[PDB]
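K.L.:
Return atomic coordinates for the entry below.
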Amino acid sequence: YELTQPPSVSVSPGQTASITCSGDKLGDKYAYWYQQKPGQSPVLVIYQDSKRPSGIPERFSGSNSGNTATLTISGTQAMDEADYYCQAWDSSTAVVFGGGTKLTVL
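P.N.:
Residues are numbered from 1 along each chain as shown. Coordinates below:
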């Protein structure tokens, strides 16, 4: 895995959770965030650094600056509990991947 993510992030209900994703010159690529509940389809929650796909709650936001992309979930709900994966897309090169973060609410 060419991108580094914390192994885990924990928050109490309603608190804001943030997940980081770092790698050399990450700011040069676009960041993409996938929510992955074990045994279910991955869901794209943020794309192109900071954009939100239709149907994704407004509490999901993201940014990408320098060597670090960040996913933020405000008002974290029990249904947000999942593994989160960052990926970065370059105009040319093949996708690079983070190793995932387990988000726990409690």
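
K.L.:
Could you list everything the spatially most central residue of the chain pairs with in the sheet?
P.N.:
In the chain, the residue lying closest to the centroid (C-alpha atoms, centre = their mean) is residue 33, at 3.9 Å. Beta-bridge pairing of residue 33, defined through DSSP bridges, involves residue 46, residue 86.

K.L.:
Could you pull out the helices in this structure for me?
P.N.:
For the chain, none of the segments meets the definition of helices by DSSP state H.

K.L.:
tell me the residue furthest from the middle of it?
P.N.:
The outermost residue of the chain relative to its centre, with distances by C-alpha atoms, centre = their mean, is residue 92 at 21.9 Å.

K.L.:
wait, the residue nearest to the centre of the chain sits on residue 42?
P.N.:
No. Judged on C-beta atoms under 8 Å, residue 33 makes no contact with residue 42 at a distance of 10.1 Å. In short, each C-beta sits where N, CA and C put it, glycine included.

K.L.:
And for residue 23, the neighbour number?
P.N.:
Residue 23 has 22 neighbouring residues, counting by other C-beta atoms under 10 Å.

K.L.:
Contact partners for the residue lying closest to residue 4 once chain neighbours are set aside?
P.N.:
Take residue 4 and drop its neighbours on the chain: the residue closest to it by C-beta to C-beta, 6 or more residues apart in numbering is residue 22, 4.8 Å away. Taking C-beta atoms under 8 Å, 6 or more residues apart in numbering, we find residue 22 in contact with 3, 4, 5, 67, 68, 69.

K.L.:
any idea how far the nearest residue to residue 47 once chain neighbours are set aside lies from residue 19?
P.N.:
Residue nearest to residue 47 in three dimensions, not counting chain neighbours: residue 32, with 5.1 Å by C-beta to C-beta, 6+ apart. Going from residue 32 to residue 19 by C-beta to C-beta, to the nearest Å gives 13 Å.

K.L.:
list residues touching both of these two?
P.N.:
Counting by C-beta under 8 Å, 6+ apart, the contacts common to residue 32 and residue 19 are residue 86.

K.L.:
Many thanks, have a good one.
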